[PDB]
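Heads up, data-v5.cif below (mmCIF, C-alpha atoms and all ligand atoms):
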data_start
loop_
_atom_site.label_atom_id
_atom_site.label_comp_id
_atom_site.auth_asym_id
_atom_site.auth_seq_id
_atom_site.Cartn_x
_atom_site.Cartn_y
_atom_site.Cartn_z
CA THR A 3 2.07 27.62 11.33
CA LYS A 4 0.13 25.64 8.71
CA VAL A 5 0.91 22.15 7.43
CA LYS A 6 1.30 21.92 3.65
CA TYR A 7 -0.95 19.62 1.67
CA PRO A 8 1.46 16.76 0.75
CA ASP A 9 1.12 16.92 -3.06
CA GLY A 10 2.20 13.75 -4.85
CA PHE A 11 2.07 11.74 -1.62
CA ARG A 12 0.46 8.87 -3.58
CA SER A 13 3.78 8.16 -5.26
CA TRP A 14 5.74 7.96 -2.00
CA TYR A 15 7.04 4.87 -0.19
CA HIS A 16 4.19 2.75 1.17
CA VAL A 17 5.21 1.94 4.76
CA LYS A 18 2.32 -0.26 5.89
CA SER A 19 -1.45 -0.78 5.97
CA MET A 20 -3.95 -1.76 8.67
CA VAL A 21 -7.69 -2.55 8.78
CA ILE A 22 -9.85 -1.09 11.57
CA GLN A 23 -13.28 -2.74 11.84
CA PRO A 24 -16.46 -2.06 13.90
CA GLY A 25 -15.84 -2.83 17.57
CA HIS A 26 -12.25 -1.58 17.60
CA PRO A 27 -11.76 1.37 20.03
CA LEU A 28 -10.62 3.62 17.20
CA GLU A 29 -13.55 2.84 14.83
CA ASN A 30 -14.42 6.51 15.34
CA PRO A 31 -12.91 8.09 13.46
CA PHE A 32 -10.23 5.80 12.04
CA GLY A 33 -12.50 2.94 10.86
CA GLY A 34 -11.52 1.60 7.42
CA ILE A 35 -8.44 0.45 5.49
CA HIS A 36 -5.54 2.85 5.98
CA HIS A 37 -2.14 3.19 4.29
CA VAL A 38 0.89 5.02 5.61
CA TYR A 39 3.22 6.79 3.15
CA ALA A 40 6.60 8.37 3.82
CA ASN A 41 8.66 10.83 1.79
CA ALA A 42 12.45 10.46 1.50
CA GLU A 43 13.16 12.57 4.59
CA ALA A 44 10.67 10.52 6.63
CA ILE A 45 12.38 7.28 5.50
CA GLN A 46 15.67 8.42 7.05
CA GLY A 47 13.82 8.90 10.35
CA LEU A 48 12.00 5.57 9.97
CA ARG A 49 15.24 3.72 9.18
CA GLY A 50 16.73 4.48 12.59
CA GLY A 51 18.23 7.85 11.72
CA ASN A 52 16.79 11.16 12.92
CA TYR A 53 13.94 13.03 11.24
CA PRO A 54 15.06 15.93 9.00
CA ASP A 55 12.80 18.96 8.87
CA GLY A 56 10.64 18.43 5.79
CA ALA A 57 9.90 14.79 6.65
CA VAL A 58 6.23 13.98 6.02
CA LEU A 59 4.12 10.94 6.92
CA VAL A 60 0.64 10.46 5.48
CA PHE A 61 -2.22 8.39 6.88
CA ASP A 62 -4.49 7.60 3.93
CA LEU A 63 -7.88 6.33 5.14
CA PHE A 64 -10.49 4.55 3.00
CA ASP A 65 -13.93 3.17 3.67
CA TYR A 66 -14.21 -0.46 2.63
CA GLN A 67 -17.02 -2.71 1.41
CA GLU A 68 -17.47 -6.42 2.11
CA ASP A 69 -17.69 -8.36 -1.12
CA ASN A 70 -17.95 -12.15 -0.68
CA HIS A 71 -15.14 -12.43 1.92
CA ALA A 72 -13.09 -9.71 0.33
CA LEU A 73 -12.59 -6.25 1.86
CA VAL A 74 -12.45 -3.79 -1.03
CA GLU A 75 -11.32 -0.16 -0.92
CA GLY A 76 -14.20 2.28 -1.25
CA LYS A 77 -14.10 6.07 -0.98
CA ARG A 78 -11.27 8.06 0.64
CA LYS A 79 -12.51 9.34 4.03
CA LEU A 80 -9.52 11.55 4.92
CA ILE A 81 -5.76 11.90 4.87
CA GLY A 82 -3.86 12.69 8.06
CA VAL A 83 -0.50 14.47 7.79
CA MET A 84 2.53 14.91 10.03
CA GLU A 85 5.08 17.47 8.85
CA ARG A 86 8.48 17.69 10.57
CA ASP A 87 9.68 21.13 11.57
CA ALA A 88 11.61 21.10 14.85
CA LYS A 89 11.38 24.86 15.41
CA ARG A 90 7.98 25.75 13.95
CA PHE A 91 6.00 22.80 15.32
CA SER A 92 7.78 22.61 18.68
CA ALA A 93 4.46 23.11 20.50
CA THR A 94 3.42 19.63 19.29
CA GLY A 95 6.87 18.11 19.53
CA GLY A 96 8.37 19.00 16.13
CA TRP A 97 5.52 17.62 13.97
CA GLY A 98 2.70 19.68 12.53
CA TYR A 99 -0.60 17.75 12.44
CA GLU A 100 -3.38 18.27 9.88
CA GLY A 101 -6.39 16.39 8.49
CA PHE A 102 -7.81 16.91 4.99
CA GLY A 103 -11.41 15.71 4.68
CA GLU A 104 -11.70 13.29 1.73
CA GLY A 105 -8.06 14.15 0.98
CA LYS A 106 -9.32 17.47 -0.38
CA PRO A 107 -6.83 20.38 0.05
CA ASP A 108 -9.57 22.84 1.00
CA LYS A 109 -11.12 20.75 3.79
CA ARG A 110 -8.62 21.34 6.62
CA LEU A 111 -9.99 19.63 9.72
CA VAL A 112 -7.71 20.60 12.60
CA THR A 113 -8.93 23.55 14.70
CA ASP A 114 -6.76 23.33 17.82
CA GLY A 115 -3.26 23.61 16.34
CA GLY A 116 -3.06 19.79 16.45
CA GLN A 117 -3.21 19.37 20.24
CA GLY A 118 -5.83 16.62 19.95
CA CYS A 119 -3.67 14.68 17.48
CA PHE A 120 -0.49 15.20 19.52
CA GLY A 121 -2.23 14.02 22.70
CA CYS A 122 -2.37 10.48 21.32
CA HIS A 123 0.99 10.46 19.50
CA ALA A 124 2.74 11.74 22.66
CA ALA A 125 2.69 8.16 24.01
CA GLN A 126 5.19 7.40 21.23
CA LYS A 127 7.69 9.97 22.53
CA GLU A 128 10.61 7.52 22.45
CA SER A 129 10.15 6.96 18.71
CA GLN A 130 9.63 10.63 17.86
CA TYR A 131 5.83 10.36 18.02
CA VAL A 132 5.58 7.90 15.12
CA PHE A 133 3.71 4.63 15.65
CA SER A 134 4.50 3.13 12.25
CA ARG A 135 7.53 0.84 11.99
CA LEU A 136 9.24 0.07 8.69
CA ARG A 137 8.77 -3.54 7.55
CA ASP A 138 10.15 -5.68 4.73
CA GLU B 2 9.68 -20.29 -21.97
CA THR B 3 12.37 -18.22 -20.24
CA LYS B 4 12.41 -17.14 -16.59
CA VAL B 5 10.81 -14.06 -15.05
CA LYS B 6 13.39 -11.90 -13.26
CA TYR B 7 13.02 -11.32 -9.55
CA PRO B 8 11.80 -7.68 -9.18
CA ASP B 9 14.54 -6.27 -6.93
CA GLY B 10 13.46 -3.06 -5.18
CA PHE B 11 9.74 -3.52 -5.85
CA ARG B 12 8.95 -2.18 -2.37
CA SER B 13 9.96 1.33 -3.47
CA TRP B 14 7.52 1.22 -6.39
CA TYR B 15 4.14 2.94 -6.74
CA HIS B 16 1.41 1.42 -4.58
CA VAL B 17 -1.51 0.83 -6.97
CA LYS B 18 -4.02 -0.64 -4.52
CA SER B 19 -4.69 -3.14 -1.74
CA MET B 20 -7.35 -5.76 -1.09
CA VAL B 21 -8.13 -8.18 1.73
CA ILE B 22 -9.16 -11.73 0.83
CA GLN B 23 -10.57 -13.74 3.74
CA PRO B 24 -11.47 -17.44 4.23
CA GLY B 25 -14.38 -18.41 2.01
CA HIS B 26 -13.44 -16.16 -0.90
CA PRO B 27 -12.92 -18.05 -4.23
CA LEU B 28 -9.24 -17.04 -4.18
CA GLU B 29 -8.47 -18.09 -0.59
CA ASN B 30 -6.09 -20.73 -1.96
CA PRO B 31 -3.64 -19.41 -2.70
CA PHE B 32 -4.32 -15.67 -2.42
CA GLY B 33 -5.88 -15.35 1.05
CA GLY B 34 -4.53 -12.46 3.14
CA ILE B 35 -3.84 -8.74 2.62
CA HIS B 36 -2.23 -7.98 -0.72
CA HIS B 37 -0.77 -4.79 -2.18
CA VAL B 38 -0.19 -4.18 -5.91
CA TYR B 39 3.01 -2.36 -6.92
CA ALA B 40 3.98 -1.09 -10.39
CA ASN B 41 7.29 0.15 -11.81
CA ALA B 42 7.39 3.33 -13.92
CA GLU B 43 6.82 1.39 -17.16
CA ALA B 44 3.76 -0.36 -15.70
CA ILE B 45 2.25 2.99 -14.67
CA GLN B 46 2.21 3.98 -18.34
CA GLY B 47 -0.08 1.05 -19.16
CA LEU B 48 -2.24 1.67 -16.10
CA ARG B 49 -2.81 5.30 -17.11
CA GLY B 50 -4.08 4.21 -20.52
CA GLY B 51 -1.03 3.78 -22.75
CA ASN B 52 0.27 0.46 -24.05
CA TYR B 53 2.37 -1.57 -21.61
CA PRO B 54 6.02 -1.18 -22.79
CA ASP B 55 8.40 -4.13 -22.52
CA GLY B 56 9.99 -3.92 -19.05
CA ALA B 57 6.69 -3.07 -17.32
CA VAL B 58 6.49 -5.04 -14.03
CA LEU B 59 3.53 -5.55 -11.70
CA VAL B 60 3.86 -7.17 -8.28
CA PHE B 61 1.25 -8.75 -6.03
CA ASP B 62 2.61 -8.56 -2.49
CA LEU B 63 0.73 -11.03 -0.27
CA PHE B 64 0.82 -11.01 3.53
CA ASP B 65 -0.84 -13.15 6.16
CA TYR B 66 -2.84 -11.15 8.71
CA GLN B 67 -3.80 -11.52 12.33
CA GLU B 68 -7.17 -10.46 13.69
CA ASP B 69 -6.75 -8.68 16.99
CA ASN B 70 -9.76 -6.92 18.51
CA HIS B 71 -11.43 -5.92 15.24
CA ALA B 72 -8.18 -4.82 13.65
CA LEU B 73 -6.50 -6.72 10.83
CA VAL B 74 -2.73 -6.47 11.14
CA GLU B 75 -0.25 -7.50 8.44
CA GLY B 76 1.76 -10.54 9.54
CA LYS B 77 4.36 -12.44 7.50
CA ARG B 78 4.82 -12.18 3.71
CA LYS B 79 3.45 -15.37 2.13
CA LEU B 80 4.49 -14.79 -1.49
CA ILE B 81 4.82 -12.29 -4.29
CA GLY B 82 3.25 -12.80 -7.71
CA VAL B 83 4.98 -11.12 -10.64
CA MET B 84 4.00 -10.08 -14.16
CA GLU B 85 6.77 -8.99 -16.48
CA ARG B 86 6.02 -7.42 -19.85
CA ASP B 87 7.90 -8.74 -22.89
CA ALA B 88 5.75 -9.27 -25.99
CA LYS B 89 8.44 -11.36 -27.72
CA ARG B 90 9.63 -13.63 -24.91
CA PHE B 91 6.25 -14.12 -23.21
CA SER B 92 4.19 -14.53 -26.38
CA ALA B 93 2.87 -17.89 -25.18
CA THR B 94 1.17 -16.12 -22.26
CA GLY B 95 -0.13 -12.98 -23.99
CA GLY B 96 3.09 -11.00 -23.65
CA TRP B 97 3.31 -11.26 -19.84
CA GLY B 98 5.52 -13.72 -17.98
CA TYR B 99 4.03 -14.96 -14.70
CA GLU B 100 6.02 -16.14 -11.67
CA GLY B 101 5.54 -16.71 -7.92
CA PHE B 102 8.29 -16.27 -5.32
CA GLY B 103 7.56 -18.10 -2.06
CA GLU B 104 7.85 -15.68 0.89
CA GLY B 105 9.21 -13.15 -1.64
CA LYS B 106 12.53 -15.02 -1.76
CA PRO B 107 14.39 -15.20 -5.13
CA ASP B 108 15.14 -18.94 -4.89
CA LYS B 109 11.56 -20.02 -4.14
CA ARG B 110 9.92 -20.19 -7.59
CA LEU B 111 6.32 -21.40 -7.47
CA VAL B 112 5.38 -21.65 -11.13
CA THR B 113 5.87 -25.07 -12.74
CA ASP B 114 3.69 -24.88 -15.85
CA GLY B 115 5.25 -21.92 -17.69
CA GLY B 116 2.61 -19.61 -16.16
CA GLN B 117 -0.24 -21.26 -18.06
CA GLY B 118 -2.40 -21.51 -14.94
CA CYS B 119 -1.94 -17.85 -14.00
CA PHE B 120 -2.55 -16.87 -17.62
CA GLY B 121 -5.80 -18.87 -17.81
CA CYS B 122 -7.50 -16.64 -15.26
CA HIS B 123 -5.82 -13.39 -16.35
CA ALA B 124 -7.12 -14.08 -19.89
CA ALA B 125 -10.62 -12.85 -18.99
CA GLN B 126 -9.07 -9.35 -18.77
CA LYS B 127 -7.86 -9.54 -22.39
CA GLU B 128 -9.40 -6.11 -23.05
CA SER B 129 -7.24 -4.33 -20.49
CA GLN B 130 -4.00 -6.07 -21.48
CA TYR B 131 -4.60 -8.90 -18.99
CA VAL B 132 -4.40 -6.64 -15.91
CA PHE B 133 -7.14 -6.62 -13.25
CA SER B 134 -5.91 -3.70 -11.10
CA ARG B 135 -7.12 -0.19 -11.99
CA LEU B 136 -5.42 3.04 -10.97
CA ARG B 137 -7.33 5.03 -8.34
CA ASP B 138 -6.52 8.35 -6.67
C1 LIG A 201 -5.17 7.92 19.12
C2 LIG A 201 -6.47 8.09 19.90
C3 LIG A 201 -4.88 8.84 17.95
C4 LIG A 201 -5.32 10.21 17.64
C5 LIG A 201 -6.29 11.15 18.29
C6 LIG A 201 -4.53 10.45 16.41
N1 LIG A 201 -3.70 9.47 16.00
FE1 LIG A 201 -2.38 9.42 14.38
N2 LIG A 201 -2.03 7.39 14.71
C7 LIG A 201 -2.49 6.61 15.71
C8 LIG A 201 -2.06 5.18 15.64
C9 LIG A 201 -2.33 4.01 16.55
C10 LIG A 201 -1.26 5.15 14.40
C11 LIG A 201 -0.57 3.99 13.75
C12 LIG A 201 -1.54 3.30 12.80
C13 LIG A 201 -0.80 2.17 12.12
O1 LIG A 201 -1.18 1.76 11.00
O2 LIG A 201 0.20 1.66 12.68
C14 LIG A 201 -1.33 6.55 13.92
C15 LIG A 201 -0.59 6.98 12.72
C16 LIG A 201 -0.58 8.32 12.12
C17 LIG A 201 0.16 8.61 10.88
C18 LIG A 201 1.05 7.66 10.15
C19 LIG A 201 2.42 7.88 10.86
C20 LIG A 201 2.57 7.17 12.22
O3 LIG A 201 2.75 7.83 13.28
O4 LIG A 201 2.50 5.93 12.30
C21 LIG A 201 -0.14 10.02 10.61
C22 LIG A 201 0.31 10.89 9.47
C23 LIG A 201 -1.04 10.35 11.72
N3 LIG A 201 -1.27 9.36 12.61
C24 LIG A 201 -1.64 11.70 11.83
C25 LIG A 201 -2.68 12.11 12.77
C26 LIG A 201 -3.37 13.44 12.66
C27 LIG A 201 -3.20 14.53 11.63
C28 LIG A 201 -4.26 13.39 13.84
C29 LIG A 201 -5.28 14.41 14.35
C30 LIG A 201 -6.19 14.86 13.23
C31 LIG A 201 -3.98 12.09 14.47
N4 LIG A 201 -3.04 11.34 13.85
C32 LIG A 201 -4.68 11.70 15.69
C33 LIG A 201 -3.23 7.20 16.83
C34 LIG A 201 -3.89 8.50 16.91
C1 LIG A 202 -7.97 -16.38 -11.05
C2 LIG A 202 -9.00 -15.69 -10.19
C3 LIG A 202 -6.52 -15.97 -10.89
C4 LIG A 202 -5.34 -16.84 -11.03
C5 LIG A 202 -5.24 -18.33 -11.20
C6 LIG A 202 -4.25 -15.83 -10.92
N1 LIG A 202 -4.62 -14.53 -10.77
FE1 LIG A 202 -3.37 -12.84 -10.68
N2 LIG A 202 -5.03 -11.70 -10.14
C7 LIG A 202 -6.33 -12.08 -10.09
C8 LIG A 202 -7.26 -11.00 -9.65
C9 LIG A 202 -8.75 -11.03 -9.49
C10 LIG A 202 -6.35 -9.89 -9.36
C11 LIG A 202 -6.67 -8.50 -8.89
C12 LIG A 202 -6.38 -8.28 -7.43
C13 LIG A 202 -6.91 -6.90 -7.13
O1 LIG A 202 -7.82 -6.42 -7.87
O2 LIG A 202 -6.44 -6.27 -6.16
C14 LIG A 202 -5.03 -10.44 -9.69
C15 LIG A 202 -3.82 -9.60 -9.65
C16 LIG A 202 -2.46 -9.98 -10.05
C17 LIG A 202 -1.33 -9.04 -9.96
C18 LIG A 202 -1.45 -7.59 -9.66
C19 LIG A 202 -1.69 -7.07 -11.12
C20 LIG A 202 -3.11 -7.17 -11.69
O3 LIG A 202 -4.09 -6.64 -11.07
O4 LIG A 202 -3.31 -7.78 -12.77
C21 LIG A 202 -0.15 -9.82 -10.36
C22 LIG A 202 1.30 -9.40 -10.49
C23 LIG A 202 -0.77 -11.14 -10.59
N3 LIG A 202 -2.10 -11.21 -10.40
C24 LIG A 202 0.03 -12.30 -10.96
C25 LIG A 202 -0.41 -13.71 -10.94
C26 LIG A 202 0.57 -14.82 -11.07
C27 LIG A 202 2.06 -14.69 -11.17
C28 LIG A 202 -0.32 -15.99 -11.03
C29 LIG A 202 -0.01 -17.49 -11.11
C30 LIG A 202 1.06 -17.92 -10.08
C31 LIG A 202 -1.67 -15.41 -10.91
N4 LIG A 202 -1.70 -14.07 -10.88
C32 LIG A 202 -2.85 -16.26 -10.92
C33 LIG A 202 -6.78 -13.39 -10.58
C34 LIG A 202 -5.96 -14.59 -10.77
ZN ZN A 203 -19.66 -17.11 2.25
ZN ZN A 204 -14.11 -9.00 14.37
#
If you took the structure in this file and wrote it as structure tokens, what would it be?
Ligand code: HEC
Ligand code: HEC
Ligand SMILES: [Zn+2]
Ligand SMILES: [Zn+2]
Amino acid sequence: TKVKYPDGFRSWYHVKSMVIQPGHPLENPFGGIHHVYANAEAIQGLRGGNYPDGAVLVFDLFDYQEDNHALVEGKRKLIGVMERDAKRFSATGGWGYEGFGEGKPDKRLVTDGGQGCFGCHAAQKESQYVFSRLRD
Amino acid sequence: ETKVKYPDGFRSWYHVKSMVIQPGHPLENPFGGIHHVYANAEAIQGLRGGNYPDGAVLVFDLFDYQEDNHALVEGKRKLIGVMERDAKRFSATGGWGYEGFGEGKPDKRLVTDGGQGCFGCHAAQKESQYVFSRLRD
């Protein structure tokens, strides 16, 4: 029922990054520089294959500072986590959703079984609820 | 001088950090855009406080970006910059060989001066083995 903290995620495949700045509709709460990481099982799904149970995607979100026309990574605000289990997480479409405040394992953020998170990712039904595309 | 090898499979490597450089920054030409730093296993050793062993490779992956309603989105790859550790072969440039690959393509070598220009700026970081990037969590 609970999503595992994705230990060692920092050494996974870096899928992409995006910057969300003040004025963007998702500034709350996704404002900052974010990086998406995928484990080996997730990569198979991302490649065009299907997602094996045990596939994990991580949204790693940082605050940034402006420094003379550079945006520089500040403090980690949170990690978001999607964990593939077709049977266990079938209520939110095969992915378990969890947020860890400041990336800390103890600071689980999701209180509704991940309904809130799913509600937005459900628009991406046709690509198994993942927004991120693999690039070169 | 001998040539820096193209770092095949660098995209699978450990993502050290990212930074955005916008118009007006000192490094706009030629480093403007979103860049990500990648390190092979041997480079991680040096980053974590060991010596950099020969074979250590750092990559600067530079993308253009588009600004679209207060989001910055990665566009096309502009270039990669490469540092390859070999204390013998790259002695003239402090043990690192420096190269640029236009659009990240192996044929599109950008360095014409044996990496002297790259080295000149990297030299300020003598104390940390000529590397700027620091490992973060
Ligand atoms: C819209 C209002 C969203 C809500 C609420 C949540 N997420 Fe989401 N997520 C959203 C977008 C537009 C993207 C892509 C960002 C990009 O850089 O392209 C994401 C991405 C993720 C990822 C990375 C994998 C992917 O699908 O691309 C993860 C791990 C993720 N999201 C998890 C997550 C969790 C745990 C949420 C509730 C706490 C959550 N998301 C809500 C849009 C929205
Ligand atoms: C002056 C400023 C320069 C010049 C002329 C070059 N580089 Fe280097 N470089 C510079 C900075 C301030 C940084 C850090 C970016 C960050 O903190 O995110 C870098 C980084 C690199 C990297 C990543 C490794 C590292 O942090 O040291 C590589 C692989 C790299 N630079 C290579 C490189 C090459 C091949 C150059 C000449 C074509 C070159 N640089 C020039 C600062 C400067
Ligand atoms: Zn200015
Ligand atoms: Zn703007």
Could you list the residues in chain B lying within 10 Å of chain A, using all atoms listed in the file, and format the result as a compact mmCIF listing (two decimals) with C-alpha atoms, in the frame of the given file?
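Output contents, as saved in selection-v6.txt:
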# COMPACT_ATOMS: atom_id res chain seq x y z
CA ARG B 12 8.95 -2.18 -2.37
CA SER B 13 9.96 1.33 -3.47
CA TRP B 14 7.52 1.22 -6.39
CA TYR B 15 4.14 2.94 -6.74
CA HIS B 16 1.41 1.42 -4.58
CA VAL B 17 -1.51 0.83 -6.97
CA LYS B 18 -4.02 -0.64 -4.52
CA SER B 19 -4.69 -3.14 -1.74
CA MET B 20 -7.35 -5.76 -1.09
CA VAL B 21 -8.13 -8.18 1.73
CA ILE B 22 -9.16 -11.73 0.83
CA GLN B 23 -10.57 -13.74 3.74
CA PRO B 24 -11.47 -17.44 4.23
CA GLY B 25 -14.38 -18.41 2.01
CA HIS B 26 -13.44 -16.16 -0.90
CA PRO B 27 -12.92 -18.05 -4.23
CA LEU B 28 -9.24 -17.04 -4.18
CA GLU B 29 -8.47 -18.09 -0.59
CA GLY B 33 -5.88 -15.35 1.05
CA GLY B 34 -4.53 -12.46 3.14
CA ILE B 35 -3.84 -8.74 2.62
CA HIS B 36 -2.23 -7.98 -0.72
CA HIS B 37 -0.77 -4.79 -2.18
CA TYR B 39 3.01 -2.36 -6.92
CA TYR B 66 -2.84 -11.15 8.71
CA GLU B 68 -7.17 -10.46 13.69
CA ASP B 69 -6.75 -8.68 16.99
CA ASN B 70 -9.76 -6.92 18.51
CA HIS B 71 -11.43 -5.92 15.24
CA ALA B 72 -8.18 -4.82 13.65
CA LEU B 73 -6.50 -6.72 10.83
CA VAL B 74 -2.73 -6.47 11.14
CA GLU B 75 -0.25 -7.50 8.44
CA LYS B 77 4.36 -12.44 7.50
CA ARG B 78 4.82 -12.18 3.71
CA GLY B 105 9.21 -13.15 -1.64
CA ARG B 137 -7.33 5.03 -8.34
CA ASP B 138 -6.52 8.35 -6.67
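The closest residue to residue 133 of chain A, picked from A:61, A:79, A:7, A:113 and counting only C-alpha atoms, is A:61.
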Quiz prompt | Non-local contacts of residue 9 of chain B (12 Å; all atoms listed in the file; under 2 positions in same chain excluded) as a ChimeraX atom specification | solution = /B:5-7,11-14,41,58,60,81,83,102,105-107
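The closest residue to residue 120 of chain B, picked from B:95, B:10, B:31, B:101 and counting all atoms listed in the file, is B:95.
Considering only C-alpha atoms and all ligand atoms, every residue of the polymer chains approaching ligand LIG 202 (chain A) to 6 Å or closer is listed here: residues 19, 20, 38, 59, 60, 61, 82, 83, 84, 99, 100, 101, 112, 118, 119, 122, 123, 132, 133 and 134 of chain B.
Counting from atom CA of residue 86 of chain B, the distance to atom CA of residue 43 of chain B is 9.2 Å.
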Quick one: contact table of chain A to ligand LIG 201 (chain A), 6 Å max, nearest atom pair and distance in Å to one decimal per residue, counting all atoms listed in the file, chain and number order, as CSV?
residue,atom,partner,partner_atom,distance
A:19,CA,A:LIG201,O1,5.6
A:20,CA,A:LIG201,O1,5.0
A:38,CA,A:LIG201,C18,5.3
A:59,CA,A:LIG201,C22,4.6
A:60,CA,A:LIG201,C22,4.0
A:61,CA,A:LIG201,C22,4.4
A:82,CA,A:LIG201,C27,4.1
A:83,CA,A:LIG201,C22,4.0
A:84,CA,A:LIG201,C22,4.6
A:99,CA,A:LIG201,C27,4.2
A:100,CA,A:LIG201,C27,4.1
A:101,CA,A:LIG201,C27,4.8
A:112,CA,A:LIG201,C30,6.0
A:118,CA,A:LIG201,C5,5.7
A:119,CA,A:LIG201,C29,3.5
A:122,CA,A:LIG201,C1,4.4
A:123,CA,A:LIG201,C34,5.9
A:132,CA,A:LIG201,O3,3.4
A:133,CA,A:LIG201,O4,3.8
A:134,CA,A:LIG201,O4,3.4
